[PDB]
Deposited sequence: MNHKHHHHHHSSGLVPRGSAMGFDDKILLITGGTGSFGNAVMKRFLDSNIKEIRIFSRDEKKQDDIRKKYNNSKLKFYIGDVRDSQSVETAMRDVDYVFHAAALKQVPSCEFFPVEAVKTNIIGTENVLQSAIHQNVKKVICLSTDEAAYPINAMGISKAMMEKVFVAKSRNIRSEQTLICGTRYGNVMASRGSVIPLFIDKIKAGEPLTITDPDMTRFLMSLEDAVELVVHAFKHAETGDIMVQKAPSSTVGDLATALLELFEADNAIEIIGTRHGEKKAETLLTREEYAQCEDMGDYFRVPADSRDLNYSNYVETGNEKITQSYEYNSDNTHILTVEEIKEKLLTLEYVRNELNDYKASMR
């Protein structure tokens, strides 16, 4: 890239995501990666982990425009990932989700615009597509915020777009680390609905998606990566095989209310989108979900799993 000599700021950068971005990009021609957040602890661990003079750490938060403006000054590109992203916590403190997810984004955009930042990519979730919960509601509203802003601001000034992705394999919310635990534990693997589906997205896929929008999105665009899926039963089988393990699979029936599949595009959006090859693009103005994609055989699932670092490390140590 492309990032040659530029300065990238990542809000919410002390995450899984920020970390993936740093691995892939730190040793590039990029001039700096700034990590903007409130947690001095995590920032310190990350500092000590990379010992890199291009990692710059800024204390502040997206609800605090002052603290944003300091982080933003001289920045070329922003990946905007800060958010209150857990369902119960948005459901109990929706004002907090509003201040962080929605007003927080507004703050980021305004600050980037004022600093003449070239591009902002706002990360969103599959849960913004059929907003059912407070986290998802806040996220859908966040997308209306950047989409609205993008109309009023020339592209050549600041380009503003976003992405959606869902479950990341082996991340916090992934069932993979729970399954592998249970294998190592000599425990049964508990499935509720074995045909419940997720798109298959690793951490690198997600970073590749934001990079794609970074390169190719028009202002106002929502960008989504084409991805196969798999049932969770097929995934539990793929893992047992990988680990040459024989732990009882205990199928227990639907926990009444769980997400059956992941919707990345609604009927409405899919009807409007551009097929770009490996990505769909929804320009600023049946459904694309994990049940109606290419669903993977146990064997192909094994192949995907094996491109996962977290999975390779578990497999050696075992």
Unmodelled stretches of the deposited sequence, numbered from 1?
-> 1-20, 306-325, 359-363
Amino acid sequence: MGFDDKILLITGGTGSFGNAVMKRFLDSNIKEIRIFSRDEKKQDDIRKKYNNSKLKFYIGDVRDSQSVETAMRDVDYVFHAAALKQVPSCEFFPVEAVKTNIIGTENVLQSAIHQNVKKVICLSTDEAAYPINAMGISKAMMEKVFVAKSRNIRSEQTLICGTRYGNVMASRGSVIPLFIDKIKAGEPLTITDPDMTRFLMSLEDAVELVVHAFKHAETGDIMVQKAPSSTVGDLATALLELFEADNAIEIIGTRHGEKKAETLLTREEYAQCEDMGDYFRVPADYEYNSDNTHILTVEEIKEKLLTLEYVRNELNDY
From here on, numbers count along this sequence of modelled residues.
Taking only the CA atoms, which stretch has the higher mean B-factor in the record, 267-275 or 29-37?
-> 267-275
On mean C-alpha B-factor from the PDB entry, just flag whether 105-113 or 230-238 is the higher one.
-> 230-238
Based on the PDB entry, the highest CA temperature factor among the options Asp126, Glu96, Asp246, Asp205 is that of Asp246
Which of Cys161, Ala81, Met196, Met141 ranks first by CA B-factor in the deposited coordinates | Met196
Going by what the PDB entry lists, where does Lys184 fall on CA B-factor within its chain: lowest, middle or highest third?
-> highest
What third of its chain, lowest, middle or highest, does the C-alpha temperature factor of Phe280 fall into?
-> middle
If you rank the chain by CA B-factor, which third does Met223 end up in: lowest, middle or highest?
-> middle
What third of its chain's C-alpha B-factors does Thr307 belong to: lowest, middle or highest?
-> highest
Chain-wide C-alpha B factor ranking for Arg172, given as lowest, middle or highest third | highest
